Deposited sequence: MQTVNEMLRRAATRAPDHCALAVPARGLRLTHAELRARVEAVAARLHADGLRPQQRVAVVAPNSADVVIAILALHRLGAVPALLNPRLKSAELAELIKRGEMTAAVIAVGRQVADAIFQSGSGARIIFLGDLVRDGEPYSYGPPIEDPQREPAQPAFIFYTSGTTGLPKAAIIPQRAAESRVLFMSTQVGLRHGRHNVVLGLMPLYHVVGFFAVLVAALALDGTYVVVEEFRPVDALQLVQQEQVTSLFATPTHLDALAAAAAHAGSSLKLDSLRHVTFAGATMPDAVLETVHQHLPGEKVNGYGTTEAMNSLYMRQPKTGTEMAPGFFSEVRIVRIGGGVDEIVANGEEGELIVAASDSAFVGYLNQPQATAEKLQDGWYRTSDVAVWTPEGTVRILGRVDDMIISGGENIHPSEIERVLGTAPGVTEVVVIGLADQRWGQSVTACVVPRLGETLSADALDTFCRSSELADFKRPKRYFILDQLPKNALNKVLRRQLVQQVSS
């Protein structure tokens, strides 16, 4: 195999004096060589404090040079970093560290979340990030440390997914490579010092970590650190930094396209060759501004924390329609049936992908969840798809959001995309109320633009003019001043239902 440490280390030997990390704001640059030295020194410093290999350690921090150093230093020691979204509720992070049986937690959130841990229960050493690394500068003690043996199926890193409370997906050693290389086979990145990769994706997301951070370094390139996203600022980075590739969320891309469109030839974005994104949920409108207004080849990708990348499209026409590339094997089976029950072609079903090398090896301490998800060699996405006559896979929506109304499959995502273009709608979620006509009644929950009124009549009329087939039209509307959302801004479908 080739592990993360080994990928980064080989790079450092090929390009020791080349720029590895930049923070244009803060004015900090480290070569690959210098980043070894800092990773090494931390690794042994933590080692000198008791931490041994295979012990899980939490990392709760916004993107920064210092967290890149800390995460890699932990991998280099042999520890298993558990990367956690810093926007989670204090209570939730503590629960996931207790459930996690974790030896330490590296934190750069504030004093009040360190308190949450102080109580909480689980004896996990609370390490302040700035007690390890500040502005790329470690405080290091002890001799340098040995490189532990790593085994292909051995746990390497822990990323979190998301009913209630995110699950800790275990990423084995053997998975790093194809979690990086798919950026090359699918997206088109090649090895080389021209590589300048803008880090807009958070590091607690596998894409932000393997596909953006590790890729950048392992291709002997430069990771440009982005502590805080701002659309015009970010475009200045592309120009100033010679960014060659960018992997962004749909929301970022909307922002960047809108700025690019109101910069004009003002910004030189010529250096940028790859605009990548997971756009299954990307509305047609946003995608379009992306082709009109941003440069470089656009690639749409579908992936999961559990299996990384499973489908893609060069130069996408719509964001839902993709096709498997290198490393992947995929199938559409009957919902709730065995992994061998393929569908008739054109019937809807569950997207399952083969659980090859890139696959997670289970959820930490949730072997029931695991057995719902890894079956007879496959990984079950929980997403609904259909095969297009065109030979491509069309992702329709989550199995869990699917509305079954009078023996018929309805996907709220479709209906939400139409309704979201109705004038006066700022936000919409479609749920299936419990439930008649029967089984389930298609219902729309909509939030008006500031100061505007909506009426059920006018939205209905709008829907009537849309392309939706009869049965897909909402049977009811609730105009709300807002939708209840979690810590990470996801809509609480289970809960909204109750409230209506």
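Coordinate coverage of the deposited sequence is interrupted at 163-164, 503-504, where no C-alpha atom was modelled.
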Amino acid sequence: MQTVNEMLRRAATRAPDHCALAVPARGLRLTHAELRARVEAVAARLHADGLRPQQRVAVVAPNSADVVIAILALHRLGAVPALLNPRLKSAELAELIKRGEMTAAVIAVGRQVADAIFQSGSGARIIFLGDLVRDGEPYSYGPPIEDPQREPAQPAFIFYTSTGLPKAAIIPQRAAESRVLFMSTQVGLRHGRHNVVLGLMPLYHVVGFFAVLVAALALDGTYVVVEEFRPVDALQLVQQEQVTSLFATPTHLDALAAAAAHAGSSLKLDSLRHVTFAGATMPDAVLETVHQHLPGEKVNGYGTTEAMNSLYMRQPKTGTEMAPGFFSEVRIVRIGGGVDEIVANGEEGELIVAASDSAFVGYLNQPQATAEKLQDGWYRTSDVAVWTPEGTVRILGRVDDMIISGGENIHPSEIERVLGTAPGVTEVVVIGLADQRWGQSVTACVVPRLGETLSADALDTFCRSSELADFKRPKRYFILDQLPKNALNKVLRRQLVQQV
From here on, numbers count along this sequence of modelled residues.
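Averaged over their C-alpha atoms, the temperature factors of 139-147 and 418-426 are higher for 139-147. Stretch comparison (109-117 versus 261-269) by mean CA B-factor in the PDB entry places 261-269 on top.
In the deposited coordinates, the residue among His411, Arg125, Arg76, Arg331 with the greatest CA B-factor is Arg331.
Take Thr370, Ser405, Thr103, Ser245 and read off each C-alpha B-factor from the entry; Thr370 has the highest. The entry lists a Cα temperature factor for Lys475 that places it in the lowest third of the chain's modelled residues. Looking at the C-alpha B-factors along this chain, the one for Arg26 belongs to the highest third. Annotation for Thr276: CA B-factor lies in the lowest third of the chain's modelled residues. Annotation for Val80: CA B-factor lies in the middle third of the chain's modelled residues.
Remark: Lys490 belongs to the highest third of its chain, ranked by C-alpha B-factor as recorded.
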